[PDB]
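**Student:** See my_file_14.pdb below, with PDB, C-alpha atoms and all ligand atoms.
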ATOM      1  CA  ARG A  10      48.310  44.680  29.128
ATOM      2  CA  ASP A  11      46.248  44.512  25.932
ATOM      3  CA  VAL A  12      44.904  47.463  23.967
ATOM      4  CA  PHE A  13      41.338  47.808  22.758
ATOM      5  CA  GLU A  14      39.182  50.041  20.596
ATOM      6  CA  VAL A  15      35.437  50.563  20.835
ATOM      7  CA  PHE A  16      33.065  53.056  19.224
ATOM      8  CA  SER A  17      30.834  55.473  21.068
ATOM      9  CA  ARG A  18      27.248  56.092  19.995
ATOM     10  CA  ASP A  19      28.254  59.109  17.899
ATOM     11  CA  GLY A  20      31.001  57.198  16.078
ATOM     12  CA  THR A  21      33.927  58.482  18.100
ATOM     13  CA  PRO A  22      36.590  55.762  18.540
ATOM     14  CA  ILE A  23      37.485  55.191  22.193
ATOM     15  CA  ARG A  24      40.855  53.577  22.865
ATOM     16  CA  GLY A  25      42.134  52.048  26.078
ATOM     17  CA  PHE A  26      44.009  49.227  27.718
ATOM     18  CA  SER A  27      42.923  46.067  29.531
ATOM     19  CA  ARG A  28      45.052  44.742  32.407
ATOM     20  CA  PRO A  29      43.806  41.177  32.954
ATOM     21  CA  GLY A  30      43.101  39.819  36.402
ATOM     22  CA  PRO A  31      41.009  37.132  38.086
ATOM     23  CA  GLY A  32      39.104  39.586  40.263
ATOM     24  CA  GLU A  33      36.450  42.239  39.826
ATOM     25  CA  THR A  34      36.293  44.225  36.586
ATOM     26  CA  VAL A  35      37.124  47.872  37.305
ATOM     27  CA  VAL A  36      36.681  50.676  34.770
ATOM     28  CA  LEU A  37      38.766  53.831  35.333
ATOM     29  CA  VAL A  38      37.630  57.277  34.092
ATOM     30  CA  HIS A  39      40.154  60.147  34.111
ATOM     31  CA  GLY A  40      39.472  63.882  34.395
ATOM     32  CA  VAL A  41      39.318  66.675  31.848
ATOM     33  CA  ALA A  42      43.019  67.564  31.565
ATOM     34  CA  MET A  43      44.237  63.987  31.919
ATOM     35  CA  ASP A  44      44.550  60.740  30.003
ATOM     36  CA  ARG A  45      44.670  57.058  30.929
ATOM     37  CA  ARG A  46      48.331  57.173  31.913
ATOM     38  CA  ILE A  47      47.459  58.733  35.288
ATOM     39  CA  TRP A  48      46.274  55.416  36.680
ATOM     40  CA  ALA A  49      49.728  53.891  36.607
ATOM     41  CA  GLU A  50      51.537  57.146  37.383
ATOM     42  CA  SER A  51      49.382  57.814  40.433
ATOM     43  CA  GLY A  52      49.921  54.334  41.802
ATOM     44  CA  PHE A  53      46.194  53.587  41.707
ATOM     45  CA  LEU A  54      46.684  50.713  39.246
ATOM     46  CA  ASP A  55      49.397  49.087  41.376
ATOM     47  CA  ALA A  56      47.017  49.193  44.342
ATOM     48  CA  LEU A  57      44.577  46.756  42.663
ATOM     49  CA  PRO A  58      46.514  43.481  42.475
ATOM     50  CA  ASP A  59      43.714  41.173  41.351
ATOM     51  CA  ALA A  60      41.264  43.287  39.387
ATOM     52  CA  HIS A  61      40.684  43.144  35.674
ATOM     53  CA  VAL A  62      41.321  46.804  34.945
ATOM     54  CA  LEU A  63      39.916  48.684  31.972
ATOM     55  CA  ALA A  64      41.282  52.184  31.479
ATOM     56  CA  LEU A  65      39.995  54.343  28.641
ATOM     57  CA  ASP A  66      41.072  57.583  27.074
ATOM     58  CA  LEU A  67      37.925  59.718  26.947
ATOM     59  CA  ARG A  68      37.122  61.316  23.626
ATOM     60  CA  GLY A  69      39.625  63.956  22.574
ATOM     61  CA  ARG A  70      42.299  62.804  25.069
ATOM     62  CA  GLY A  71      45.143  60.336  24.638
ATOM     63  CA  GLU A  72      44.610  57.863  21.818
ATOM     64  CA  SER A  73      40.875  58.379  21.387
ATOM     65  CA  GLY A  74      39.141  60.200  18.587
ATOM     66  CA  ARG A  75      39.247  63.953  18.258
ATOM     67  CA  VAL A  76      36.106  65.967  18.914
ATOM     68  CA  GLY A  77      36.899  69.672  18.869
ATOM     69  CA  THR A  78      33.328  70.855  19.517
ATOM     70  CA  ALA A  79      31.619  71.876  22.746
ATOM     71  CA  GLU A  80      28.521  69.717  22.281
ATOM     72  CA  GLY A  81      30.712  66.794  21.355
ATOM     73  CA  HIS A  82      32.070  67.009  24.925
ATOM     74  CA  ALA A  83      28.660  66.994  26.578
ATOM     75  CA  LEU A  84      28.404  64.720  29.608
ATOM     76  CA  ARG A  85      26.027  62.387  27.777
ATOM     77  CA  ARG A  86      28.768  61.695  25.209
ATOM     78  CA  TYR A  87      31.299  60.752  27.873
ATOM     79  CA  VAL A  88      28.704  58.417  29.364
ATOM     80  CA  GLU A  89      28.303  56.795  25.947
ATOM     81  CA  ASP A  90      32.088  56.416  25.737
ATOM     82  CA  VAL A  91      32.213  54.494  29.016
ATOM     83  CA  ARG A  92      29.179  52.342  28.189
ATOM     84  CA  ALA A  93      30.875  51.277  24.956
ATOM     85  CA  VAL A  94      33.758  49.933  27.045
ATOM     86  CA  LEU A  95      31.292  48.039  29.217
ATOM     87  CA  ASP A  96      29.870  46.499  26.060
ATOM     88  CA  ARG A  97      33.228  45.341  24.734
ATOM     89  CA  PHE A  98      34.130  43.352  27.808
ATOM     90  CA  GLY A  99      30.671  41.848  28.140
ATOM     91  CA  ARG A 100      30.352  41.603  31.904
ATOM     92  CA  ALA A 101      27.126  41.804  33.895
ATOM     93  CA  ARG A 102      28.832  43.640  36.788
ATOM     94  CA  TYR A 103      31.370  46.465  36.710
ATOM     95  CA  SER A 104      32.920  48.788  39.274
ATOM     96  CA  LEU A 105      33.635  52.306  38.023
ATOM     97  CA  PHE A 106      36.188  54.739  39.493
ATOM     98  CA  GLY A 107      36.594  58.301  38.252
ATOM     99  CA  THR A 108      38.826  61.238  39.181
ATOM    100  CA  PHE A 109      37.425  64.809  39.354
ATOM    101  CA  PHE A 110      35.035  65.252  36.398
ATOM    102  CA  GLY A 111      35.707  61.573  35.718
ATOM    103  CA  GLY A 112      33.905  60.939  38.981
ATOM    104  CA  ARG A 113      30.857  62.853  37.755
ATOM    105  CA  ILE A 114      30.955  60.748  34.583
ATOM    106  CA  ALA A 115      31.165  57.538  36.601
ATOM    107  CA  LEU A 116      28.193  58.559  38.740
ATOM    108  CA  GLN A 117      26.122  59.361  35.676
ATOM    109  CA  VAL A 118      26.992  56.030  34.055
ATOM    110  CA  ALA A 119      25.894  54.371  37.287
ATOM    111  CA  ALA A 120      22.572  56.233  37.059
ATOM    112  CA  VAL A 121      21.730  54.860  33.594
ATOM    113  CA  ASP A 122      23.532  51.499  33.325
ATOM    114  CA  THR A 123      22.370  48.608  35.472
ATOM    115  CA  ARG A 124      25.640  46.746  34.868
ATOM    116  CA  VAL A 125      27.343  49.198  37.246
ATOM    117  CA  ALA A 126      27.467  47.451  40.616
ATOM    118  CA  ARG A 127      29.728  50.076  42.240
ATOM    119  CA  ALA A 128      30.711  53.641  41.376
ATOM    120  CA  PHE A 129      33.463  55.618  43.132
ATOM    121  CA  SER A 130      33.773  59.390  42.527
ATOM    122  CA  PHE A 131      37.124  60.797  43.622
ATOM    123  CA  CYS A 132      36.899  64.492  44.535
ATOM    124  CA  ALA A 133      33.572  65.108  42.841
ATOM    125  CA  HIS A 134      30.096  64.973  44.313
ATOM    126  CA  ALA A 135      26.749  64.114  42.747
ATOM    127  CA  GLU A 136      24.722  67.267  43.302
ATOM    128  CA  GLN A 137      23.361  69.941  41.027
ATOM    129  CA  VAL A 138      25.752  72.856  40.566
ATOM    130  CA  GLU A 139      25.394  76.389  39.231
ATOM    131  CA  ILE A 140      27.960  76.792  36.454
ATOM    132  CA  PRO A 141      28.865  80.423  35.614
ATOM    133  CA  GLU A 142      28.814  80.666  31.815
ATOM    134  CA  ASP A 143      31.118  83.696  31.809
ATOM    135  CA  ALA A 144      33.827  82.135  33.978
ATOM    136  CA  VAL A 145      33.786  78.813  32.139
ATOM    137  CA  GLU A 146      34.096  80.530  28.778
ATOM    138  CA  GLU A 147      37.016  82.565  30.144
ATOM    139  CA  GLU A 148      38.690  79.361  31.320
ATOM    140  CA  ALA A 149      38.111  77.776  27.894
ATOM    141  CA  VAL A 150      39.923  80.688  26.250
ATOM    142  CA  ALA A 151      42.813  80.454  28.703
ATOM    143  CA  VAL A 152      43.393  76.744  28.200
ATOM    144  CA  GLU A 153      42.988  76.510  24.417
ATOM    145  CA  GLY A 154      45.453  79.226  23.412
ATOM    146  CA  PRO A 155      49.217  78.996  23.006
ATOM    147  CA  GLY A 156      49.692  79.640  26.719
ATOM    148  CA  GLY A 157      47.097  77.088  27.762
ATOM    149  CA  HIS A 158      49.340  74.263  28.950
ATOM    150  CA  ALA A 159      51.485  76.721  30.923
ATOM    151  CA  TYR A 160      48.332  78.213  32.467
ATOM    152  CA  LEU A 161      47.184  74.816  33.736
ATOM    153  CA  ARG A 162      50.671  73.728  34.787
ATOM    154  CA  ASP A 163      51.292  76.894  36.772
ATOM    155  CA  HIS A 164      47.893  76.770  38.449
ATOM    156  CA  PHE A 165      48.036  73.066  39.335
ATOM    157  CA  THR A 166      51.642  73.420  40.518
ATOM    158  CA  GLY A 167      50.697  76.395  42.670
ATOM    159  CA  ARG A 168      47.841  74.408  44.242
ATOM    160  CA  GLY A 169      50.024  71.436  45.163
ATOM    161  CA  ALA A 170      48.874  68.935  42.566
ATOM    162  CA  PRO A 171      50.961  65.769  42.201
ATOM    163  CA  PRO A 172      53.503  65.851  39.364
ATOM    164  CA  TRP A 173      51.623  63.353  37.221
ATOM    165  CA  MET A 174      48.589  65.682  37.315
ATOM    166  CA  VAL A 175      50.678  68.732  36.384
ATOM    167  CA  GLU A 176      52.362  66.830  33.547
ATOM    168  CA  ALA A 177      49.225  65.271  32.076
ATOM    169  CA  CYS A 178      47.902  68.686  30.930
ATOM    170  CA  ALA A 179      50.574  69.033  28.259
ATOM    171  CA  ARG A 180      49.463  65.768  26.623
ATOM    172  CA  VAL A 181      45.971  67.150  25.875
ATOM    173  CA  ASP A 182      45.472  69.048  22.629
ATOM    174  CA  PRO A 183      44.811  72.724  23.442
ATOM    175  CA  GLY A 184      41.716  72.643  21.234
ATOM    176  CA  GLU A 185      40.306  69.713  23.203
ATOM    177  CA  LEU A 186      40.976  71.466  26.508
ATOM    178  CA  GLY A 187      38.895  74.370  25.256
ATOM    179  CA  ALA A 188      36.131  72.191  23.807
ATOM    180  CA  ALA A 189      35.925  70.019  26.949
ATOM    181  CA  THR A 190      35.673  73.143  29.130
ATOM    182  CA  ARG A 191      32.813  74.501  27.000
ATOM    183  CA  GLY A 192      31.244  71.031  26.984
ATOM    184  CA  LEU A 193      30.538  71.481  30.700
ATOM    185  CA  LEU A 194      27.776  73.902  29.720
ATOM    186  CA  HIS A 195      25.905  71.042  28.007
ATOM    187  CA  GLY A 196      24.465  68.988  30.866
ATOM    188  CA  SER A 197      27.184  68.670  33.508
ATOM    189  CA  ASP A 198      25.282  70.863  35.985
ATOM    190  CA  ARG A 199      22.517  68.366  36.811
ATOM    191  CA  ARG A 200      22.564  66.057  39.809
ATOM    192  CA  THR A 201      23.053  62.336  39.260
ATOM    193  CA  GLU A 202      20.567  59.682  40.376
ATOM    194  CA  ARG A 203      20.883  56.218  41.882
ATOM    195  CA  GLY A 204      20.635  53.553  39.185
ATOM    196  CA  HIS A 205      19.478  50.512  41.194
ATOM    197  CA  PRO A 206      18.891  49.800  44.914
ATOM    198  CA  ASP A 207      21.834  47.371  45.218
ATOM    199  CA  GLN A 208      24.346  49.795  43.734
ATOM    200  CA  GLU A 209      27.276  50.776  45.933
ATOM    201  CA  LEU A 210      27.966  54.501  45.524
ATOM    202  CA  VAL A 211      31.049  56.069  47.101
ATOM    203  CA  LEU A 212      32.242  59.672  47.158
ATOM    204  CA  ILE A 213      35.837  60.484  48.170
ATOM    205  CA  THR A 214      37.321  63.834  49.079
ATOM    206  CA  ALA A 215      39.730  65.749  51.288
ATOM    207  CA  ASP A 216      38.832  65.988  54.942
ATOM    208  CA  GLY A 217      39.830  69.660  54.566
ATOM    209  CA  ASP A 218      37.462  70.222  51.610
ATOM    210  CA  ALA A 219      36.124  73.761  51.832
ATOM    211  CA  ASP A 220      32.752  72.527  50.522
ATOM    212  CA  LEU A 221      31.850  69.171  52.052
ATOM    213  CA  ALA A 222      28.112  70.028  52.120
ATOM    214  CA  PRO A 223      27.273  68.509  48.690
ATOM    215  CA  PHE A 224      29.163  65.362  49.622
ATOM    216  CA  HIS A 225      26.940  64.966  52.694
ATOM    217  CA  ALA A 226      23.942  65.647  50.434
ATOM    218  CA  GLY A 227      24.932  62.620  48.338
ATOM    219  CA  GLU A 228      25.036  60.486  51.473
ATOM    220  CA  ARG A 229      21.443  61.451  52.232
ATOM    221  CA  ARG A 230      19.985  61.569  48.728
ATOM    222  CA  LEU A 231      21.788  58.635  47.107
ATOM    223  CA  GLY A 232      22.744  56.571  50.147
ATOM    224  CA  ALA A 233      26.366  57.101  49.094
ATOM    225  CA  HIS A 234      29.270  56.394  51.426
ATOM    226  CA  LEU A 235      31.717  59.217  52.056
ATOM    227  CA  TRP A 236      35.437  58.478  52.310
ATOM    228  CA  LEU A 237      37.908  61.144  53.459
ATOM    229  CA  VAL A 238      41.650  61.424  52.867
ATOM    230  CA  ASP A 239      44.093  63.638  54.722
ATOM    231  CA  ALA A 240      44.426  66.758  52.583
ATOM    232  CA  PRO A 241      43.539  70.457  52.935
ATOM    233  CA  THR A 242      42.055  70.721  49.414
ATOM    234  CA  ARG A 243      40.552  68.573  46.671
ATOM    235  CA  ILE A 244      43.554  69.080  44.425
ATOM    236  CA  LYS A 245      45.975  68.032  47.144
ATOM    237  CA  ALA A 246      43.838  64.983  47.850
ATOM    238  CA  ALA A 247      45.012  63.729  44.453
ATOM    239  CA  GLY A 248      48.290  62.987  46.237
ATOM    240  CA  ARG A 249      46.433  60.238  48.100
ATOM    241  CA  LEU A 250      45.070  58.422  45.046
ATOM    242  CA  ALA A 251      47.228  55.312  45.515
ATOM    243  CA  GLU A 252      46.045  55.059  49.133
ATOM    244  CA  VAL A 253      42.458  55.319  47.872
ATOM    245  CA  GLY A 254      43.183  52.495  45.419
ATOM    246  CA  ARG A 255      44.254  50.305  48.335
ATOM    247  CA  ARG A 256      40.928  51.005  50.036
ATOM    248  CA  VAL A 257      39.091  50.217  46.809
ATOM    249  CA  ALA A 258      40.973  46.914  46.642
ATOM    250  CA  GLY A 259      39.705  46.147  50.138
ATOM    251  CA  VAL A 260      36.109  46.695  49.028
ATOM    252  CA  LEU A 261      36.616  44.497  45.969
ATOM    253  CA  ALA A 262      38.187  41.752  48.105
TER     254      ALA A 262
HETATM  255  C1  LIG A 301      38.168  72.961  44.891
HETATM  256  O1  LIG A 301      38.715  72.391  43.704
HETATM  257  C2  LIG A 301      38.074  72.737  42.560
HETATM  258  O2  LIG A 301      36.906  73.110  42.601
HETATM  259  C3  LIG A 301      38.898  72.564  41.293
HETATM  260  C4  LIG A 301      38.471  71.284  40.679
HETATM  261  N1  LIG A 301      37.238  71.550  39.918
HETATM  262  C5  LIG A 301      36.139  70.793  40.176
HETATM  263  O3  LIG A 301      36.231  69.953  41.056
HETATM  264  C6  LIG A 301      34.798  70.972  39.455
HETATM  265  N2  LIG A 301      34.459  72.311  38.898
HETATM  266  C7  LIG A 301      34.084  73.451  39.657
HETATM  267  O4  LIG A 301      34.036  73.385  40.850
HETATM  268  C8  LIG A 301      33.685  74.734  38.898
HETATM  269  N3  LIG A 301      34.303  74.720  37.566
HETATM  270  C9  LIG A 301      35.211  75.482  37.032
HETATM  271  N4  LIG A 301      35.632  75.309  35.696
HETATM  272  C10 LIG A 301      35.216  74.279  34.802
HETATM  273  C11 LIG A 301      36.236  73.116  35.113
HETATM  274  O5  LIG A 301      36.105  72.431  36.124
HETATM  275  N5  LIG A 301      37.405  72.881  34.385
HETATM  276  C12 LIG A 301      37.761  73.646  33.173
HETATM  277  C13 LIG A 301      39.224  73.336  32.911
HETATM  278  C14 LIG A 301      39.445  71.959  33.515
HETATM  279  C15 LIG A 301      40.849  71.637  33.923
HETATM  280  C16 LIG A 301      38.448  71.905  34.686
HETATM  281  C17 LIG A 301      39.054  72.376  36.058
HETATM  282  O6  LIG A 301      39.676  71.602  36.775
HETATM  283  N6  LIG A 301      38.849  73.719  36.407
HETATM  284  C18 LIG A 301      39.318  74.429  37.669
HETATM  285  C19 LIG A 301      40.466  75.311  37.407
HETATM  286  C20 LIG A 301      41.698  74.551  36.979
HETATM  287  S1  LIG A 301      43.114  75.522  37.466
HETATM  288  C21 LIG A 301      43.665  76.894  36.650
HETATM  289  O7  LIG A 301      43.825  75.155  38.696
HETATM  290  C22 LIG A 301      37.989  75.018  38.107
HETATM  291  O8  LIG A 301      37.417  74.442  39.014
HETATM  292  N7  LIG A 301      37.398  76.109  37.505
HETATM  293  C23 LIG A 301      36.037  76.660  37.812
HETATM  294  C24 LIG A 301      35.842  78.057  37.488
HETATM  295  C25 LIG A 301      36.356  78.447  36.125
HETATM  296  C26 LIG A 301      34.346  78.335  37.619
HETATM  297  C27 LIG A 301      36.624  78.914  38.523
HETATM  298  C28 LIG A 301      32.157  74.761  38.815
HETATM  299  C29 LIG A 301      31.648  75.921  37.954
HETATM  300  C30 LIG A 301      31.666  73.474  38.142
HETATM  301  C31 LIG A 301      31.493  74.839  40.202
HETATM  302  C32 LIG A 301      34.638  69.899  38.303
HETATM  303  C33 LIG A 301      35.044  68.502  38.751
HETATM  304  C34 LIG A 301      33.215  69.877  37.849
HETATM  305  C35 LIG A 301      32.215  69.394  38.721
HETATM  306  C36 LIG A 301      30.882  69.364  38.366
HETATM  307  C37 LIG A 301      30.482  69.827  37.119
HETATM  308  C38 LIG A 301      31.452  70.317  36.249
HETATM  309  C39 LIG A 301      32.788  70.350  36.616
HETATM  310  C40 LIG A 301      39.484  70.598  39.816
HETATM  311  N8  LIG A 301      39.203  69.492  39.150
HETATM  312  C41 LIG A 301      40.333  69.044  38.453
HETATM  313  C42 LIG A 301      41.433  69.820  38.605
HETATM  314  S2  LIG A 301      41.105  71.151  39.629
HETATM  315 CL    CL A 302      38.514  67.151  35.814
HETATM  316 ZN    ZN A 303      52.115  72.749  25.438
END
Let's see the structure in the file written out as structure tokens.
**Tutor:**
Amino acid sequence: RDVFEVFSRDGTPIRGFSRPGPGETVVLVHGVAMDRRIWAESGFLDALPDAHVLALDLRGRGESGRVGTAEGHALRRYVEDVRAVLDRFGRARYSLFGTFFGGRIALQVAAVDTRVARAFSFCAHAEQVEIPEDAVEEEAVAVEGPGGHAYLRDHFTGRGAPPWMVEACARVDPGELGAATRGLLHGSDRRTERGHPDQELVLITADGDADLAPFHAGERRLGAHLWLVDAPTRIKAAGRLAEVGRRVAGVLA
């Protein structure tokens, strides 16, 4: 593996690693309370034997630049972070894969960047959502305070999240957990669009998902393909991420 640095539109440095391979170039986008280490820890990276893999730390996570403001964590800024990675490696075609809010980011990159040939959204759909301002602000307060890592650990543990997902929370600065949560009130509620007719768009979730309706709506509206994994909830579906990587490798082959 090699490390890289690029700069987002707003000057934020975005750091990541490149795992060379002769195959398709795949760009991995983690979720809010994660960093780039989840790709190896989940077994997703091992599932792609041939791909050239690019894995970034989003702004404010891991080795990337600090942000510490709500608007700095707007969805459009994450999109700019990913597009900067696409620039650095200079390809005409990329396949994007994102977990949870990372999936929403990957879909939005696909909407605006014609270099995205495929986008996979793991446990996030593409539809408009109603975000309660009160509840999100309350969650921001819970996660940014001294008890914030414990709050996330206890909740993810109680909902059956894999250990790597529980453990990743404690690697995120509490201030960036709060800012990223508030950032959701700056654009993340809108639906995503199809970028080009030839794009391959895939949504993945638990067959037990209590709200599959918006995933079906992406099938109809975007022509997306819906993949299911055996799990009673979205969070527990994260235990199947390596298996999903094997299915991605089949598509890339
Ligand atoms: C059934 O499974 C779930 O719905 C939980 C699942 N969340 C989601 O999929 C989506 N969000 C939501 O649905 C909803 N958001 C929420 N808070 C914003 C937010 O998300 N977070 C803030 C903190 C961060 C870790 C992340 C998160 O994770 N919060 C859990 C709670 C974690 S704790 C303790 O266990 C969460 O959801 N809190 C809700 C409420 C506060 C409204 C109760 C709405 C308002 C967007 C509808 C995310 C992907 C999203 C989609 C579209 C637009 C914006 C966000 C998880 N993803 C990762 C780990 S759990
Ligand atoms: Cl997330
Ligand atoms: Zn801590």
**Student:** Once 6 Å is added on each side, what are the centre and the three edge lengths, in Å to one decimal, of the axis-aligned box enclosing the listed atoms of region 230-234 of chain A? Present them as lines of an AutoDock Vina configuration file.
**Tutor:**
center_x = 24.6
center_y = 59.0
center_z = 49.3
size_x = 21.3
size_y = 17.2
size_z = 16.3
**Student:** Using the chain letters and residue numbers of this document, give as an MDAnalysis selection string the residues selected by the PyMOL selection byres (((chain A and resi 233) around 8) and not hetatm).
**Tutor:** chainID A and resid 209:212 227:232 234:235
**Student:** Need the shell around residue 52 (chain A): protein/DNA/RNA residues with any atom at most 9 Å away, counting all atoms listed in the file. Skip same-chain ones fewer than 6 positions apart. Format as a list in words?
**Tutor:**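 The filter keeps residues 250, 251, 252 and 254 of chain A.
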**Student:** Take the PyMOL selection byres (((chain A and resi 98-105) around 8) and not hetatm), apply it to the structure above, and return the hits as a ChimeraX atom specification.
**Tutor:** /A:33-38,94-97,106-107,115,124-129
**Student:** Specify as a ChimeraX atom specification each residue included when the PyMOL selection byres (((not hetatm)) within 9 of (chain A and resi 301)) is applied to this file.
**Tutor:** /A:40-43,108-113,132-149,151-152,160-168,170,174,178,186-187,189-191,193-194,196-199,218-220,242-244
**Student:** Starting from the point (47.5, 62.4, 25.5), work out which residues of protein, DNA or RNA have an atom no more than 6 Å away when counting all atoms listed in the file; state them as a PyMOL selection string.
**Tutor:** chain A and resi 44+70-71+180-181
**Student:** Which residue, A:241, A:172, A:183, A:248, has the smallest gap to ligand ZN 303 (chain A) when you use only C-alpha atoms and all ligand atoms?
**Tutor:** A:183
**Student:** Give the residue list for ligand ZN 303 (chain A) at 7 Å, counting only C-alpha atoms and all ligand atoms, as a VMD selection string, sorted by chain and then by residue number.
**Tutor:** chain A and resid 158 to 159 179
**Student:** Just how far from CA of residue 214 (chain A) is CA of residue 239 (chain A), in Å to one decimal?
**Tutor:**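 Computing it gives 8.8 Å between the two atoms.
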**Student:** Can you work out which one of A:32, A:192, A:169, A:22 has the shortest atom-to-atom distance to residue 84 (chain A), counting only C-alpha atoms?
**Tutor:**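 Counting only C-alpha atoms, the residue closest to residue 84 (chain A) is A:192.
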**Student:** So which residues fall inside 6 Å of (37.4, 60.6, 53.5) if we count only C-alpha atoms? Mind giving them as a list in words?
**Tutor:**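 Looking at atoms near the point gives residues 213, 214, 216, 236, 237 and 238 of chain A.
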**Student:** From the list A:39, A:69, A:253, A:154, which residue is nearest ligand CL 302 (chain A) when using all atoms listed in the file?
**Tutor:**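 Closest to ligand CL 302 (chain A) of all the choices is A:39.
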**Student:** Rounded to one decimal place, report the CA of residue 156 (chain A)-CA of residue 182 (chain A) distance in Å.
**Tutor:**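 Calculated distance between CA of residue 156 (chain A) and CA of residue 182 (chain A) is 12.1 Å.
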**Student:** Between CA of residue 203 (chain A) and CA of residue 116 (chain A), measure the distance and give it in Å to one decimal.
**Tutor:**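 Computing it gives 8.3 Å between the two atoms.
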**Student:** Which of these residues is nearest to ligand CL 302 (chain A), using all atoms listed in the file: A:247, A:21, A:77, A:123?
**Tutor:**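 Closest to ligand CL 302 (chain A), using all atoms listed in the file: A:247.
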**Student:** Write out as a list in words which residues come within 7 Å of region 17-19 of chain A when counting all atoms listed in the file, dropping same-chain ones fewer than 6 positions away.
**Tutor:** residues 89, 90 and 93 of chain A
**Student:** Restricting the calculation to all atoms listed in the file: of A:67, A:29, A:256, A:50, which residue gets closest to residue 81 (chain A)?
**Tutor:**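 Using all atoms listed in the file, residue 81 (chain A) sits closest to A:67.
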**Student:** Would you mind completing region 225-241 of chain A so that it carries N, CA and C atoms, and writing it out as a compact mmCIF listing (two decimals), in the frame of the given file?
**Tutor:**
# COMPACT_ATOMS: atom_id res chain seq x y z
N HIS A 225 27.94 65.44 51.73
CA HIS A 225 26.94 64.97 52.69
C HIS A 225 25.58 64.83 52.03
N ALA A 226 25.25 65.74 51.08
CA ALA A 226 23.94 65.65 50.43
C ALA A 226 23.85 64.36 49.61
N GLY A 227 24.96 63.90 49.03
CA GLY A 227 24.93 62.62 48.34
C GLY A 227 24.76 61.44 49.27
N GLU A 228 25.33 61.50 50.47
CA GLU A 228 25.04 60.49 51.47
C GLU A 228 23.54 60.35 51.69
N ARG A 229 22.86 61.48 51.92
CA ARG A 229 21.44 61.45 52.23
C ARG A 229 20.59 61.06 51.04
N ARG A 230 20.87 61.67 49.88
CA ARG A 230 19.98 61.57 48.73
C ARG A 230 20.20 60.27 47.98
N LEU A 231 21.45 59.82 47.87
CA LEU A 231 21.79 58.64 47.11
C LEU A 231 22.13 57.44 47.99
N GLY A 232 22.19 57.62 49.30
CA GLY A 232 22.74 56.57 50.15
C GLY A 232 24.20 56.27 49.83
N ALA A 233 24.95 57.28 49.40
CA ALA A 233 26.37 57.10 49.09
C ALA A 233 27.17 57.09 50.38
N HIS A 234 28.31 56.43 50.32
CA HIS A 234 29.27 56.39 51.43
C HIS A 234 30.33 57.43 51.17
N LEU A 235 30.72 58.16 52.21
CA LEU A 235 31.72 59.22 52.06
C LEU A 235 33.03 58.77 52.68
N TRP A 236 34.08 58.77 51.87
CA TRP A 236 35.44 58.48 52.31
C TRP A 236 36.22 59.79 52.34
N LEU A 237 37.04 59.98 53.37
CA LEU A 237 37.91 61.14 53.46
C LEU A 237 39.37 60.73 53.43
N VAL A 238 40.20 61.58 52.81
CA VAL A 238 41.65 61.42 52.87
C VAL A 238 42.25 62.67 53.51
N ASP A 239 43.45 62.53 54.05
CA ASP A 239 44.09 63.64 54.72
C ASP A 239 44.64 64.59 53.66
N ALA A 240 44.01 65.74 53.52
CA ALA A 240 44.43 66.76 52.58
C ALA A 240 43.66 68.03 52.86
N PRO A 241 44.27 69.21 52.69
CA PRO A 241 43.54 70.46 52.94
C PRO A 241 42.65 70.89 51.78
